[PDB]
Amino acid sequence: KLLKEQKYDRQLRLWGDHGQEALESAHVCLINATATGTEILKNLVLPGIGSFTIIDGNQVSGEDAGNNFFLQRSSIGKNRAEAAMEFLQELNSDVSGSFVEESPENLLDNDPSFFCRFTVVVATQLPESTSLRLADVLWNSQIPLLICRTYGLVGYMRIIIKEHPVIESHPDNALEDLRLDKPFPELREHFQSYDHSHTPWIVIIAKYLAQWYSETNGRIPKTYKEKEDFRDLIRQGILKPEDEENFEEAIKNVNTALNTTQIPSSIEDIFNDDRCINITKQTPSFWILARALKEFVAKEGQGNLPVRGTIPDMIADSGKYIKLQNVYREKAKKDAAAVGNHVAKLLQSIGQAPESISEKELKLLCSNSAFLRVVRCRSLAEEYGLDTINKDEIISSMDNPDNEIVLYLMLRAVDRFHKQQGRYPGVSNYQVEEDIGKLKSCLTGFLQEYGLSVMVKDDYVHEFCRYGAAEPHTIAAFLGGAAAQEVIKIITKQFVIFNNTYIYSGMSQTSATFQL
């Protein structure tokens, strides 16, 4: 019981207990159990994912046991899905594994509805046909799909979720919601209420800010100067030349503390989304909370989001800091209640129970009010569609003969070649020579079929033939790590997922995200 918390400590410090819960309740579906799939799954079993299921029809080959850390020589000839399941199973006894000795295609035929069991579906090393088909089925089924592929020194990764909202965005670095520019009553009263180093830097800036406001009525914009001059105003207040570290600290925070209140552009857009504007019994929890946030802004929020209620640390008297800290804490608590009301009303006008949304959810939302984020991925169909193909992005990126998107195009060509030739370029050594041409033909065919006026160095046509469609472990491993975390993001809904196709080049040790 408590033994788990010891085993998962290092990660609990990242997504906390609730994240861990989400994870231990999920069920993942890995399509092919190659190195890529095996590595991705490895990074999910270790963390303690609830349960997984491997769907592989293929038999473990010689080269399969050669690049997979979860298939031994002893399992060559057996089912690749079952073989891997056993070895992966060993990593964590708290994870329950399962397998299906059939192909994706087979399942998509005899039973499409099968994938509705899964929280997420990770597919690896699939051919165009199977992807487009699976992508389609799952898109309609509302199932998150992540297509992963290792080809030579290239890592491919495309995520497909119609809409993924996230509250606990977890931003590295944000501005403090101190709001000196638009103080609230309680805050103002606190400042009026006023061991020289024992005084919080905020109260310091507030005092001199008030003074400056009298002798001006000005807020102190004029970056380069006014702020710089505001500093000198603070300096002329240091105890006869005693020291004052916090004073000098306040002077440094002046670069921040001035304007720290304004609704984030990204949130404005959430507010303006049809999903937020037009609510219905259909509307999911996230959007109802977003509306409540918007309503708040309009009414008691008076133009801004609920007060965060958290302040940075600051050299100051033990009791003074704690008092200051409560002013925000208490205010925040209030704004939260206000937002809460708007929720209940909204729920009622929809017919849902006022308690359809926990207080926990409410409190968390209000803390992250300024960091909400929504991601929406284009369907795989829209990308492959002749009219919808986002050529603006492709052509634009291709302005660099070596932009990672070269690799994307090459992958499409390789796919064309495969659809065409029924096999991949240069798999056998002697085929290389010949295929280099046949491949460029497909490349050009592909580029024309979509009207993509782009120049692709012939070098890349060579390289991919050299690759012989190999699945190098170190490459598969890289992808395995990145993919797993995106999957964990989907499950926990705790961070921000990349938007659409991610491309990694082991050659240059570089990568980029494309589309959207």
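Note that residue numbering follows the sequence shown and begins at 1.
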I'd like to know the size of any gap between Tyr194 and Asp195, counted in deposited residues with no coordinates: none, 1 to 3, 4 to 9, or 10 or more. 4 to 9
Segment of higher mean CA temperature factor, 396-404 or 180-188: 396-404
Output the stretch having the higher mean C-alpha B factor in the entry; the candidates are 460-468 and 487-495. 460-468
Per the coordinate record, which of the options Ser169, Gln125, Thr130, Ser318 holds the highest CA temperature factor? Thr130
From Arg158, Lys334, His164, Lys252, pick the one with the largest CA B-factor in the entry? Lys252
Third of the chain, ranked by Cα B-factor, where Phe371 sits: lowest
Looking at the entry's B-factor column for C-alpha atoms only, identify whether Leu305 ranks in the lowest, middle or highest third of its chain. lowest
Third assignment of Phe114 from its chain's C-alpha B-factors: highest
Test of reading the entry: by CA B factor among the chain's modelled residues, which third contains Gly481? lowest
Within this chain's modelled residues, let me know which third the CA B factor of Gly218 belongs to: lowest, middle or highest. highest
